[PDB]
Amino acid sequence: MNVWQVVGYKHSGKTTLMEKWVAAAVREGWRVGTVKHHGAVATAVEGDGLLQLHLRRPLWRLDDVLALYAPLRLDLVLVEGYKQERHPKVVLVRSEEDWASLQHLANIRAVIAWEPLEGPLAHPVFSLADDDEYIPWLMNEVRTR
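What the entry reports as its method is X-ray crystallography, with 2.10 Å given for the resolution.

The protein carries the name MobB protein homolog in the PDB entry, which gives Geobacillus stearothermophilus as its organism. This deposition appears in the PDB under the title "X-ray crystal structure of MobB protein homolog from Bacillus stearothermophilus".

**Student:** Looking at this structure, how should I read the environment of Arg-145?
**Tutor:** Secondary-structure assignment places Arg-145 in the segment after α4 (131–143). Under the relative-accessibility criterion, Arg-145 is labelled exposed at 56%.

**Student:** Please explain a nonpolar patch on the surface as it appears in this structure.
**Tutor:** On the surface, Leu-51, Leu-53, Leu-55 and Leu-68 cluster together into a nonpolar patch covering about 370 Å² of accessible area. For the nonpolar patch, the element with the most residues is strand β4 (residues 50–55), which contributes three residues.

**Student:** Where do I start with the pattern of salt bridges in this structure?
**Tutor:** The final tally for this structure, using the stated rule, is two salt bridges. Notably, a salt bridge pairs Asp-131 with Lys-20, separated by 3.8 Å at the nearest N-O pair. The partner of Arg-94 in a salt bridge is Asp-98, with the nearest N and O atoms 2.7 Å apart. Look at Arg-94 and you get partly exposed, because its relative accessible area is 28%. According to the relative accessible area criterion, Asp-98 is buried, its value standing at 3%.

**Student:** Whenever I open this one, the sheet that holds strand β8 (residues 125–127) confuses me. Can you help?
**Tutor:** Pairing between sheet strands relies on hydrogen bonds along the backbone, with the strands arranged either parallel or antiparallel. As summarised here, the arrangement of the six strands in space is β2-β5-β1-β6-β7-β8, forming an open sheet in which the pairing is parallel. Strands at the two margins of the open sheet, each flanked by one partner only, are β2 (32–36) and β8. Along the sheet, successive strands turn relative to each other by an average axial angle of 20 degrees, direction set aside. Here strand β7 (residues 108–113) runs beside β8; their pairing, made up of three bridges, is parallel. Looking across to β8, one finds that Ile-112 is bridged to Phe-126. Against the sheet, α4 makes contact with β1 (3–7), β5 (76–80), β6 (89–93), β7 and β8, and its axis sits at roughly 140 degrees relative to β8, the strand it touches most.

Cut-off values and rules
Residues numbered from 1 in each chain as written, not as in the entry; some residues may be left out. Heavy atoms only, no water. Helix = DSSP H or I, 4+ residues; strand = E, 2+ residues; numbered from the N terminus. Buried < 20%, exposed > 50% of the residue type's maximum accessible area, 1.4 Å probe, protein only. Patch = residues over 30% accessible without salt bridge, like charges linked within 9 Å, V, L, I, M, F, W, Y side chains within 5 Å. Areas by Shrake-Rupley, 256 points an atom, 1.4 Å probe, with all protein chains shown as cover. Salt bridge = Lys/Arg side-chain N within 4 Å of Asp/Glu carboxyl O. Pairing = 2+ DSSP bridges. Axes fitted to C-alpha atoms, helices over the stretch in contact; angles between N-to-C directions. Contact = heavy atoms within 4.5 Å.

Here it is, written out as structure tokens:
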């Protein structure tokens, strides 16, 4: 599966990125899946092609969720959070301070920030306001799989 992660602290801009990225993928006609980290064991309500499920387990790992997505022939799965996982990721930062604690994550492909960052940077950095540029860039990154 083509899995990508969106990581960042509260109000970093991940909601804006997730929304715009999902919308562009949908417009291209892609089959998209998203995962976000927040007494019957399981409940399900179904109607009109839409299945709603509530499943309980001591602990859900991202891989448990992606295993449930496997059968759905998805072209792209956008994951918000699970920063320890190693899928290619876009890091959203509000400040140099946010970046200092997030720069050591694995497989970072790009940074979208509120302001410019200090020191050297091995990844392209975009302004959160510049989606006209980062969305087409990201879509291309996904396509060139």
